[PDB]
């Protein structure tokens, strides 16, 4: 009995999944790339049973939500205010913001941008990082140069990764979910120069992952077959702009109660290191690395991620 309703927020309309009773303390769930409010399916009833009001939107560019053709429509200020308008919708002064992946970044930036609204913040996979001195695309070409292959740089030029990922949504989703690995044979082959795509570079698993059924996987493929992948890709196309937009929080800090939580095997921690997370998250902080877990953490280790979320949330002032 999780419900869904259309919600008008921040000049757009999001498909909202929610469960529990309004008035109960509010916990917001912000998915990531290329994911949906469906990716919190195992979390939501837990959080409900734990006494919370849960909200899980398809974020702008995904699912049943608005998908502006404009790229600037996807910058960080847009995506955070999107979420705060959910609080507004029902009169909520503050809430707990939980995010996996791009969602995590969104919530981290939310803590800094709406400190008044954010009672607690949790980010999965992607850690608190201090604002770089150089714009990320500069940082990343510094890191990998201009001949090697690197996906986030591959996603910048509009159209190109879009065609690739749209071309075969099934291949995309199955290699995304089953093919993401920190294996060094793979890494080497992902990086190597040449014309091949990201999904091309990805391994294709023989059998389904143990944590993911056919039905579930089919759902993702369906929705992204309907929507395409441009909406989420346009989140990456805003990194430099989001860097400009946030100059004014270089000395700003998260004093809110924080939790960081990742599969120890998540590929993105190689260039999204969590060493300096306490430079940003200066209130209560906690790191949880899950041994042998990779990227799709809430889906892979659901009871574990439930228990950490629920225990993080027990005892906090969220209302």
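Positions refer to the first chain, counted from 1.
Engineer: Out of 10-18 and 294-302, which one has CA B-factors that are higher on average in the deposited record?
Structural biologist: Going by the record's values, the stretch with the higher mean is 294-302.
Engineer: Of 284-292 and 271-279, which one has the bigger average CA B-factor?
Structural biologist: Mean C-alpha B-factor is greater for 271-279.
Engineer: Would you mind finding, among 164, 88, 101, 218, the residue with the largest C-alpha temperature factor in the entry?
Structural biologist: Among 164, 88, 101, 218, the highest C-alpha B-factor in the entry belongs to 218.
Engineer: Hey, out of 75, 247, 200, 223, whose CA B-factor is highest in the deposited coordinates?
Structural biologist: Answer for 75, 247, 200, 223: 247, with the highest C-alpha B-factor.
Engineer: What third of its chain's C-alpha B-factors does residue 140 belong to: lowest, middle or highest?
Structural biologist: Top third by C-alpha B-factor.
Engineer: Which third, lowest, middle or highest, does the C-alpha temperature factor of residue 205 belong to within its own chain?
Structural biologist: Highest third, going by the recorded CA B-factors of the chain.
Engineer: In terms of the CA temperature factor given in the entry, to which third of its chain does residue 94 belong: lowest, middle or highest?
Structural biologist: Middle third, going by the recorded CA B-factors of the chain.
Engineer: Could you tell me which third, lowest, middle or highest, the C-alpha B-factor of residue 124 occupies within its chain?
Structural biologist: It belongs to the middle third of the chain when residues are ordered by C-alpha B-factor.
Engineer: Hey, what third does residue 262 fall into on Cα B-factor, ranked over its chain?
Structural biologist: For residue 262, whose C-alpha B-factor we compare with every modelled residue in the chain, the answer is the middle third.
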